[PDB]
Structures are given as C-alpha cells and as structure tokens.
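Reading through the structure tokens given below for one structure.
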Amino acid sequence: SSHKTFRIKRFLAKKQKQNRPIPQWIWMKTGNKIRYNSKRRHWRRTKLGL
Amino acid sequence: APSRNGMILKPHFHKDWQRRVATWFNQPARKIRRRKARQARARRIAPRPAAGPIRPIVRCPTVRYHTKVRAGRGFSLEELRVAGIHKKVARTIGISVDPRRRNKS
Amino acid sequence: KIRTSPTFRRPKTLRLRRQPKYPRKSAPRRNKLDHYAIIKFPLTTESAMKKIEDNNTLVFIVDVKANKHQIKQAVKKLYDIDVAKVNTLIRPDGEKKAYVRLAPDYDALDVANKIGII
Amino acid sequence: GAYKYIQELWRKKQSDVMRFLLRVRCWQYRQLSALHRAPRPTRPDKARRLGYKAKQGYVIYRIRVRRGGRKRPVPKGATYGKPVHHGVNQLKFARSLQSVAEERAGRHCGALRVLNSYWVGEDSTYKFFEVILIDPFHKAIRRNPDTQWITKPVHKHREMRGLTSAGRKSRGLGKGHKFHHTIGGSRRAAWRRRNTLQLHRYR
Amino acid sequence: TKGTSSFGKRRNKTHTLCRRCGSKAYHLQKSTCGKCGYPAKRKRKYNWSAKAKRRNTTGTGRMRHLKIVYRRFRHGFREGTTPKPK
Amino acid sequence: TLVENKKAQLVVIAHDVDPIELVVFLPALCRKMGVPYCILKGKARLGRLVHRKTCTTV
Amino acid sequence: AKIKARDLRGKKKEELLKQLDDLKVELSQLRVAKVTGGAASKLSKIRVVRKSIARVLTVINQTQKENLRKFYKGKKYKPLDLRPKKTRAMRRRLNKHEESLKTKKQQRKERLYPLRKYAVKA
RNA sequence: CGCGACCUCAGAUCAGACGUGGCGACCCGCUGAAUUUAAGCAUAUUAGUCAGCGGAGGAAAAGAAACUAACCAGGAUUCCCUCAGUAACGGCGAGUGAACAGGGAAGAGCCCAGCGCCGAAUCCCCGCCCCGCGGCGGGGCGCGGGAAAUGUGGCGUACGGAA
Ligand SMILES: [Mg+2]
Ligand SMILES: [Mg+2]
Ligand SMILES: [Mg+2]
Ligand SMILES: [Mg+2]
Ligand SMILES: [Mg+2]
Ligand SMILES: [Mg+2]
Ligand SMILES: [Mg+2]
Ligand SMILES: [Mg+2]
Ligand SMILES: [Mg+2]
Ligand SMILES: [Mg+2]
Ligand SMILES: [Mg+2]
Ligand SMILES: [Mg+2]
Ligand SMILES: [Mg+2]
Ligand SMILES: [Mg+2]
Ligand SMILES: [Mg+2]
Ligand SMILES: [Mg+2]
Ligand SMILES: [Mg+2]
Ligand SMILES: [Mg+2]
Ligand SMILES: [Mg+2]
Ligand SMILES: [Mg+2]
Ligand SMILES: [Mg+2]
Ligand SMILES: [Mg+2]
Ligand SMILES: [Mg+2]
Ligand SMILES: [Mg+2]
Ligand SMILES: [Mg+2]
Ligand SMILES: [Zn+2]
C-alpha cells in the first residue's frame with residue numbers, strides 16, 4: 002500500500018537491496034564454490050511473508 | 002507366559018530405567034585422580050603421617066562382629082584426661098578426638 | 039487552624055534538587071552527527087543536473103537522522119552559501135535525498151563547479 | 002533478665018492478659034495492609050533468639066497470609082482422569098503457611114536476604130508473621146566476620162529453595178530411622194540414588 | 002464457498018513484527034507476541050519443543066559481549082595494565 | 198536484675214511502652230522484692246535524663 | 002606523509018582537531034570524486050583517509066581518558082566509566098580486606114593452639 | 001493558643017548502594033498426569049515420573065545426634081561394595097521395597113540467643129591531613145552527625161561454664 006510505516010519501508014528497502022545477482026569477479030577466487038545467487042526472490046512467485 | 006519348569010522372576014525394570022544408567026567408564030580416570038590428590042596432600046603435609054591422625058581401638062557393635070577390633074572416630078575425653086593430654090592440644094599435635102564416645106568399661 | 043473542606047489532601051513538602059557527588063558518566067559524549075557526517079555526497083544524475091540548472095537547487099544525499107534545519111546549517115557551514123528552503127524525501131533504497139534551493143543571488147552552476155560536480 | 006519473663010509471658014498465651022493483647026494486635030494488623038515494614042520487632046526476645054540484632058541492616062516485615070487449606074485449581078471441579086485423583090476440596094499444601102509468608106516477603110524484598118520468621122497473631126481468616134531480613138550490602142554487615150556468611154552468593158533466596166527453618170520443616174530431613182526416605186541430600190537425591198542402574202565395567 | 006471463494010476475502014493481517022524477537026508473531030488485537038511474549042518480562046520458552054529451544058538460544062546469535070568475556074577469562078580479567086613498551 | 202538482687206532504692210517505670218509486655222511483669226516483681234516503684238508519664242521524658250531518644254525504666 | 006600514531010601523542014588537542022578536520026574535508030572530496038566517477042588512485046586513497054580519521058580520533062580519546070583518570074585517581078567517588086569493569090559477580094564479591102578480617106575469639110583460638118609440625122617414628 | 005520531645009506514617013530527579021533478565025548438562029523447593037501393566041477394570045502400576053512454576057553454584061543440597069543399638073557397644077555429613085531383590089508393602093494379584101551392623105574414598109569442626117559480669121567498653125557516615133589506590137584501605141585530628149539501654153561489643157554454649 003502507499004500508506005507505509007517507517008519500519009516497514011526500511012525493511013522493504015533492505016530486502017530490495019539484497020535482491021541482487023552476484024558480481025562475476027568473485028567467480029574467479031581461489032576457494033570459491035558459488036556459481037549463482039540461490040537466494041533470489043521474484044515478487045510474483047515468492048511473497049516475502051509480512 | 003511361563004513355560005515348563007522354571008523359576009518365576011520379578012525384574013524391577015518397569016520404570017524409565019534407561020534414563021538413569023550410571024556407567025563406569027571413568028573409573029580408571031577417577032582412580033588416577035584420587036591417587037594424584039593423595040600424593041599432593043601427602044607432599045603438602047611434609048613430615049606428618051600421610052594417613053592423618055592416630056585413631057583408637059574400637060569394638061564392633063553387634064553380636065555378629067563384637068569379637069573384632071577396628072579403628073574408631075577419635076579418642077574419648079576420659080581417655081584424654083587420664084592420659085594427661087589437653088582437649089584442644091591433642092588435635093594440634095595430631096590426635097583424633099570426639100566428645101561423643103562413652104567409656105562403659 | 040480550622041478545616042473548611044471535608045477532604046484531607048497530602049501536604050506539599052520541600053523537594054530538594056539533585057546535586058551529584060560525582061558525575062554518572064566520565065565525559066560528555068561526542069557529537070557524531072556533525073556537518074561532515076551529516077552530508078554524504080551530491081547526486082550526479084540527469085535529473086540532478088536539470089534541477090541545478092533550472093530551479094537553482096542542489097541535490098544531496100544525507101543520512102536518515104538529519105532534519106531540514108541541520109541540513110541547512112550543514113550546507114551553510116561547508117559551502118559558505120545561503121539556503122532558501124529544503125525539500126527532503128527518503129528513497130526506496132534507504133538513503134535520504136535532499137533538494138536544497140539557494141538564495142537568488144548565488145548561482146547553482148558556480149556552486150557545483152566549486153564543489154566538483156558537473 | 003527481662004527476656005526470660007517475656008518468654009514465659011509469651012508461653013502463657015491462654016491467659017486473659019495475652020488474650021487481650023492478641024485480640025488488639027490482630028485487629029490492628031488486620032486493619033493494616035498485607036505487606037508492610039514494622040519499625041521494631043513485636044517480640045524482641047523471639048527475634049533475638051531467632052537471630053536478630055539491633056544493628057543497621059536488619060529489617061522486620063509484618064505480613065498477612067490468608068488462612069485455610071488449598072483447593073485444586075481445576076475448572077469446575079473436572080479432573081479428567083482416574084477416580085483416585087478426583088478430589089479438589091480437602092487437599093493440603095506441602096509447605097507451611099509460615100514458609101509461604103517468608104517466600105512472598107523475600108520475593109517482594111529482592112535485594113534483602115531472609116533469616117527467619119516468627120508468629121505474632123492469627124484470626125479465623127488470616128495469620129500474621131514477622132520476617133527478619135538482612136541487607137547484605139550494608140557495611141555494618143559486610144565487615145562483621147560472624148554474619149558476613151549471609152553475603153555469599155550461595156545464600157541468595159534461601160526462602161525460595163527452602164533453606165530457612167520453615168522451609169526445612171516440610172522437607173522431612175533429619176537424623177534417625179524415621180527419616181529414611183531422605184538419606185542423602187534430599188528426598189529427590191535419595192530417590193535418584195535408589196532408582197539408578199549401576200553398571201560396572203566388569204559388573 | 003468453503004474454500005477457493007472464501008480464500009479471496011483475506012486482506013488484513015493478524016500479526017506484525019515484534020520489537021523483541023523480530024518474528025511476525027506480534028498479535029495486534031491481543032498486543033502480545035506469539036513466539037516470545039514480548040510484553041511479559043520473561044522470555045517465552047517451553048520444554049516440549051527442543052527444536053524451538055535450540056532455534057534461538059545463546060549459541061545462535063552474535064555473542065557480542067560473551068565471546069569477549071571468554072577471551073578475557075582466558076587471561077583472568079586483567080585491567081589497567083599494558084604490555085611492556087619497546 | 199538490680200530489683201531481683203535488691204540493689205535498687207526505687208524504680209521508675211514508663212507507662213506507654215508500645216509492647217506493654219516488656220514491663221507488665223515489673224510491678225509485681227518490685228513489690229515482691231520490696232523495692233518501691235513508680236509510674237512516670239512519658240518514656241520520652243524518661244529517656245531525656247539519659248542522652249537517648251527513649252528509655253523504658255530507670 | 003604517512004600519518005602514524007607515534008608522532009601524535011606529543012601533539013596538542015587543537016592541532017589534532019584541525020588535522021582531523023582537514024582529513025575529513027579530504028575524505029568528502031574523495032567521496033564526491035567516487036560518486037561522479039574518478040580515478041582508482043583516489044578510490045584506493047579513500048580507505049587510507051578513513052583509517053587516518055580513525056587513528057586521530059582514537060589518539061584524542063585515549064589522551065582525554067588518561068587525563069581524566071589522573072584527575073579522578075585520588076578521589077573516592079569516580080564515574081562508572083573510570084571504575085574497574087570486571088564481571089558483575091566479581092564486583093559484588095567481598096573485597097580483600099573484609100573477607101580476611103576475623104573475629105577476636107577465633108583469632109585468640111588460633112594464637113593459643115597453632116597447628117604444630119610433627120613426625121612419627123616408623 | 002503556641003512551643004518542645006517521643007511514637008506511627010508520608011513526599012522527594014535528596015547522598016550513597018542493591019534487585020530485575022538470560023543459559024539451564026548437573027542441583028534445591030513446589031505442582032503433578034495419562035498412555036502402559038494387571039491379558040477386562042475402579043485400588044494398585046506407570047510414578048513424586050513427563051509437562052508446568054520458582055531459585056542458585058562451580059558444584060548444589062546435607063552435616064556435627066531430641067542418632068543407631070541392646071553388644072565386651074558404636075559415634076557429623078556425602079559417595080562406592082555388601083546388606084538385598086532381604087524385613088516389610090500389595091484386589092497379599094500384577095507388582096513394589098529400605099535401613100542397621102561390616103569393608104572402604106574423604107576426614108574438621110564450630111558459633112549464637114538465653115543465665116551472668118564489664119562506666120555502650122559497640123557500630124555506620126561526613127570534613128581535613130599523610131600514605132596506599134583499579135578488590136576503597138590504614139593512621140592522626142573534629143565542644144562533627146547518627147544507630148543503640150525496646151540491648152551493641154568482650155568472656156561464654158551442654159565436650160559443662162563463670163568467679
Ligand atoms: Mg499471488
Ligand atoms: Mg513356547
Ligand atoms: Mg491424588
Ligand atoms: Mg505433592
Ligand atoms: Mg546449611
Ligand atoms: Mg512439627
Ligand atoms: Mg481479529
Ligand atoms: Mg523463564
Ligand atoms: Mg561472642
Ligand atoms: Mg539520588
Ligand atoms: Mg533469575
Ligand atoms: Mg489393561
Ligand atoms: Mg491386553
Ligand atoms: Mg481397555
Ligand atoms: Mg489407580
Ligand atoms: Mg507413586
Ligand atoms: Mg519436568
Ligand atoms: Mg555463574
Ligand atoms: Mg553449601
Ligand atoms: Mg551439639
Ligand atoms: Mg543372596
Ligand atoms: Mg514407588
Ligand atoms: Mg553403614
Ligand atoms: Mg583414607
Ligand atoms: Mg548480647
Ligand atoms: Zn516477540
């Protein structure tokens with residue numbers, strides 16, 4: 002909704018910040034096993050709770 | 002269900018006995034610890050007898066054992082005052098004392 | 039003295055004022071929200087450039103604990119300019135954008151030139 | 002000494018003098034609230050023989066306990082179970098009313114430590130006790146070598162764990178053939194020692 | 002209208018995030034937390050849920066003060082002194 | 198103890214000791230031992246003689 | 002050049018403050034350059050400037066607090082900051098003198114009946 | 001009427017302290033079932049057990065006989081072996097169930113109230129001076145302030161004690 006609280010807006014801001022693909026320069030580290038970000042979140046599919 | 006000639010038994014295993022099962026796997030460790038503490042105390046009390054104070058002659062109470070002597074708790078106050086030693090000096094010089102013991106003979 | 043009201047009220051007694059034999063805290067805390075820590079960086083997007091060229095405003099991103107008075111004083115201190123009015127909003131990212139309009143006799147192009155954004 | 006005379010007075014509770022005193026004191030304590038501080042012990046001899054001293058850091062709290070037994074808090078007397086457990090009325094509480102009094106006195110006075118308590122009166126619906134508490138951080142107590150044992154953390158909330166005299170009374174502990182189900186630390190300790198399968202390495 | 006049709010009328014929530022434990026279990030009309038009981042002074046914890054007990058205990062968080070406490074205990078809680086200057 | 202040892206030539210007793218049982222026995226004891234005893238209005242004024250807030254008897 | 006901490010103890014609070022302000026101004030300029038798009042050299046110097054800020058501030062704080070400890074050293078009441086912060090239990094425990102002082106009766110007992118040193122022939 | 005004591009009771013953002021909550025393997029105090037067994041079931045059993053509540057420590061609790069015994073007597077507490085699946089309990093059914101003595105691990109005893117005698121001989125706090133200072137203590141000085149005779153300190157506690 003357009004009517005938000007400061008706390009809920011801040012929480013949504015953090016989740017939006019962390020919804021991001023990985024940078025490719027980490028893929029070239031020595032002991033790196035990560036291939037993609039497996040904690041992605043599409044708005045339509047996963048509804049984030051709340 | 003009993004079967005043929007046997008001896009009917011009463012096992013006391015109807016409580017939650019598996020919750021309380023005290024194993025003895027630390028028995029050798031306990032023996033080592035006891036012996037080490039014994040040596041530590043003996044070396045701490047440098048010249049004194051390693052087995053603590055002296056203790057008196059005691060007859061065992063009941064008819065089943067009243068033909069045997071053993072070591073008791075401490076010497077009695079009548080014995081101290083007949084020997085000439087003081088109540089509060091006996092413990093300092095290393096003699097076990099108890100004020101509970103009577104002397105019937 | 040005689041009583042004229044049938045109620046009994048607690049009499050007002052002398053309330054002495056605190057004098058601490060030692061301060062609770064060793065020293066007063068340092069103001070961590072100062073002029074440098076209140077302003078982070080100015081926006082350099084096409085919207086920001088259009089605003090600075092047209093409305094004579096300056097676009098800054100400040101922290102969430104700043105209010106318009108502190109923002110105005112901090113801009114005055116850091117850049118030695120006069121401030122007319124301040125608009126503020128909190129972006130969906132979490133940073134708090136600031137629209138700072140200047141007095142008509144200052145030039146936003148010159149202020150941007152001196153600050154380093156262009 | 003006057004203390005012995007006071008002792009025999011309080012032993013002769015049945016005389017007319019003591020009847021007058023108990024009547025008046027019970028009425029007064031009933032008018033008062035259920036938890037308040039007494040400026041002085043009402044029975045100085047009894048408090049002194051229980052361990053009280055006229056120093057700084059000793060306080061006396063006079064508190065009131067509602068009299069009677071304990072009924073089972075079950076909704077509409079419906080104990081869903083076997084008939085042996087159906088009773089809710091004639092039940093009794095394991096601890097004594099004096100112990101309950103000390104418990105709530107210490108619970109309110111969290112920073113103080115409870116020593117003992119004595120009996121000061123009773124009516125049909127209430128009993129009254131005076132609990133002797135000690136402030137452990139008063140220096141007059143800290144610097145006394147014969148009463149700084151109460152400052153040790155191991156004595157924190159004695160009345161909660163049943164270490165005071167009233168708490169010990171309901172634990173069934175003591176020497177002799179009557180208290181065989183307590184040999185060891187406590188009743189639970191005796192039960193645990195008896196109900197354990199000792200399995201030696203070689204059996 | 003027992004199922005699918007009635008699922009469409011659900012548009013206002015009964016729980017929000019609570020200040021203490023940060024879980025969406027703060028009942029709004031009750032004003033009480035379903036997980037920790039926030040208004041109560043004591044933490045809500047029960048012995049019939051070992052999984053719930055271990056999900057959020059001392060071992061699960063940051064240990065901000067208590068790890069430093071362990072480190073200082075290893076040396077005996079020294080204060081006021083500094084290592085011998087070079 | 199002075200009364201029961203017969204070393205007191207008279208006894209002064211307060212009348213408002215807030216447990217009266219601290220001194221309720223005293224008149225009978227004093228009579229039996231023979232020493233004279235009196236009741237004086239005010240434990241406060243009685244304790245003014247000593248340098249204390251209050252005294253039951255002197 | 003390379004701002005260190007040894008050459009800052011002997012300084013004075015006012016030039017410490019002015020150096021801190023200059024460093025903060027430099028950091029602000031570096032952040033502006035970062036947001037506008039600048040050189041990797043400046044981007045790397047950002048962290049150096051931040052660490053210089055940190056060490057200037059810690060030198061200031063350490064000097065202030067040691068001076069304040071010297072001020073309150075002789076007093077009986079001092080701030081909770083300047084009191085020793087051991088564990089809570091160790092703050093509540095009996096202090097060294099009063100957990101060692103003893104009653105006259107049992108000290109007389111000890112002085113009248115000291116525990117002797119003795120041996121017994123085999 | 002006013003003033004001055006004491007007693008009971010109030011308000012302080014008064015000076016200085018203390019408690020709260022967490023973990024909870026072990027410990028202490030309450031509360032306390034039903035599955036199950038009895039080839040059914042109600043006493044009993046499960047079981048003073050799980051669940052629930054409160055309180056601590058590095059251990060806790062207990063502890064120096066209002067004891068055991070009936071002997072030529074032993075002598076605080078706690079733990080191990082045995083006593084012993086015994087005496088006893090039990091729709092005497094199913095089932096349940098100790099302790100004494102003996103051998104060991106350890107080993108340590110003490111303190112008040114009360115009765116008495118000592119010019120309250122006792123304790124806390126504020127100020128100065130000297131030293132010590134990251135466990136706030138020692139000493140000197142105050143016609144400094146309080147607590148206490150409605151009883152502090154010393155001697156003294158059942159093994160007797162005091163003069
Ligand atoms: Mg959807
Ligand atoms: Mg067969
Ligand atoms: Mg029942
Ligand atoms: Mg019960
Ligand atoms: Mg004890
Ligand atoms: Mg009884
Ligand atoms: Mg609703
Ligand atoms: Mg809890
Ligand atoms: Mg004494
Ligand atoms: Mg204050
Ligand atoms: Mg707690
Ligand atoms: Mg059945
Ligand atoms: Mg069947
Ligand atoms: Mg059936
Ligand atoms: Mg039954
Ligand atoms: Mg049972
Ligand atoms: Mg349980
Ligand atoms: Mg601890
Ligand atoms: Mg203990
Ligand atoms: Mg005894
Ligand atoms: Mg056999
Ligand atoms: Mg049973
Ligand atoms: Mg035995
Ligand atoms: Mg041995
Ligand atoms: Mg005395
Ligand atoms: Zn919560």
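Note that the protein sequences, when read in sequence, are chains l, L, X, N, j, G and h.
For what it's worth, the authors' numbering labels the leading residue of the first sequence as 2, then goes sequentially.
For what it's worth, the authors' numbering labels the leading residue of the second sequence as 2, then goes sequentially.
For what it's worth, the authors' numbering labels the leading residue of the third sequence as 39, then goes sequentially.
For what it's worth, the authors' numbering labels the leading residue of the fourth sequence as 2, then goes sequentially.
For what it's worth, the authors' numbering labels the leading residue of the fifth sequence as 2, then goes sequentially.
For what it's worth, the authors' numbering labels the leading residue of the sixth sequence as 198, then goes sequentially.
For what it's worth, the authors' numbering labels the leading residue of the seventh sequence as 2, then goes sequentially.
Don't be surprised by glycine CBs; every beta carbon is placed ideally from N, CA and C.
Subject >> Contacting residues, own chain, Cβ-Cβ under 7 angstroms from residue 25/h (five flanking each side not counted) >> reply: 54
Original post:
Since residue 19/l meets chain X, which of its residues come closer than 7 angstroms, beta carbon to beta carbon?
Top reply: Near residue 19/l there are no residues of chain X at all, since even the closest Cβ is about 12 angstroms away, more than 7 angstroms.
Original post:
In chain h, which residues lie less than 8 angstroms from residue 78/j when you measure between Cβ atoms?
Top reply: 87, 88 and 91
Subject >> Cβ pair count under 8 angstroms reaching 3, the region 3-12 of chain N against the region 100-113 of chain N >> reply: no
Original post:
Does the beta carbon of residue 184/N sit closer than 8 angstroms to a beta carbon anywhere in chain G?
Top reply: no
Original post:
Since residue 52/h meets chain L, which of its residues come closer than 8 angstroms, beta carbon to beta carbon?
Top reply: Those within 8 angstroms of residue 52/h in chain L number zero; the least Cβ separation is about 52 angstroms.
Original post:
How about residue 188/N: is its C-beta nearer than 8 angstroms to some C-beta of chain L?
Top reply: no
**OP:** For chain l, find out if any of its Cβ atoms is closer than 8 angstroms to the Cβ of residue 130/X; answer yes or no.
**Re:** yes
Original post:
What is the rounded straight-line gap between the Cα of residue 98/X and the Cα of residue 14/j?
Top reply: 38 angstroms
Subject >> Inter-residue spacing [alpha-carbon to alpha-carbon] between residue 145/X and residue 29/j >> reply: 53 angstroms
**OP:** Write down the C-beta distance between residue 121/X and residue 138/X rounded to the nearest angstrom, noting that I regard them as a contact closer than 8 angstroms.
**Re:** 6 angstroms
Original post:
How many angstroms separate the CA atom of residue 65/N from the CA atom of residue 127/N?
Top reply: 6 angstroms
Original post:
Apart from the five residues on each side of it in sequence, which residues of its chain come closer than 8 angstroms, Cβ to Cβ, to residue 206/G?
Top reply: 232 and 233
**OP:** Please classify residue 33/N: does DSSP put it in a helix, a strand, or coil?
**Re:** coil
Original post:
Quick one: is residue 68/L near chain h, going by C-beta distance under 8 angstroms?
Top reply: no
**OP:** Please name the residue, chosen from 75/N, 94/N and 96/N, that lies closest to residue 87/N on a Cα-to-Cα basis.
**Re:** 75/N
Subject >> Status (buried if at least 16 other CB within 10 Å, exposed otherwise) for residue 62/N >> reply: buried
Original post:
At a Cβ threshold of 8 angstroms, is residue 201/N touching chain L?
Top reply: yes
**OP:** For residue 91/N, name the three-state secondary structure that DSSP assigns.
**Re:** coil
Original post:
Is there a Cβ from chain j that is less than 8 angstroms from the Cβ of residue 50/l?
Top reply: yes
**OP:** Could you tell me whether the Cβ atoms of residue 75/L and residue 59/L are closer together than 8 angstroms?
**Re:** no
**OP:** With DSSP collapsed to three states, give me the class of residue 184/N.
**Re:** coil
Subject >> At least three beta-carbon pairs within less than 8 angstroms, the region 37-56 of chain L to the region 78-96 of chain L >> reply: yes
Subject >> ligand 19 heavy atom lying under 7 angstroms from the CB of residue 1/N >> reply: The structure shown does not extend to residue 1/N, since chain N spans only 2 to 204, so no value can be given for it.
**OP:** Please report how far the alpha carbon of residue 219/G lies from the alpha carbon of residue 210/G, in whole angstroms.
**Re:** 11 angstroms
Subject >> Residue environment, residue 250/G, which counts as buried when at least 16 other CB atoms sit within 10 Å >> reply: exposed
**OP:** Classify residue 85/L as helix, strand or coil using the three-state DSSP reduction.
**Re:** coil
Subject >> Distance cut-off 7 angstroms: residue 83/N Cβ against heavy atoms of ligand 15 >> reply: yes
**OP:** State the beta-bridge partners of residue 207/N as determined by DSSP.
**Re:** No information on residue 207/N is available, as it lies outside the stretch 2 to 204 that chain N covers here.
Original post:
residue 88/h: buried (16+ other C-beta within 10 angstroms of its C-beta) or exposed?
Top reply: exposed
Original post:
Taking Cβ positions only, does residue 21/h come closer than 8 angstroms to chain N?
Top reply: no
Subject >> Rounded C-alpha distance that separates residue 51/h from residue 27/h >> reply: 10 angstroms
Original post:
Is it the case that the CB of residue 17/j approaches a heavy atom of ligand 7 more closely than 7 angstroms?
Top reply: no
Original post:
For residue 102/N versus residue 121/N, is the C-beta spacing smaller than 8 angstroms?
Top reply: no
**OP:** Indicate, with yes or no, if ligand 9 has a heavy atom lying under 7 angstroms from the CB of residue 250/G.
**Re:** no
Subject >> Chain-ordered chain L contacts of residue 196/N [CB-CB under 7 angstroms] >> reply: 16 and 21
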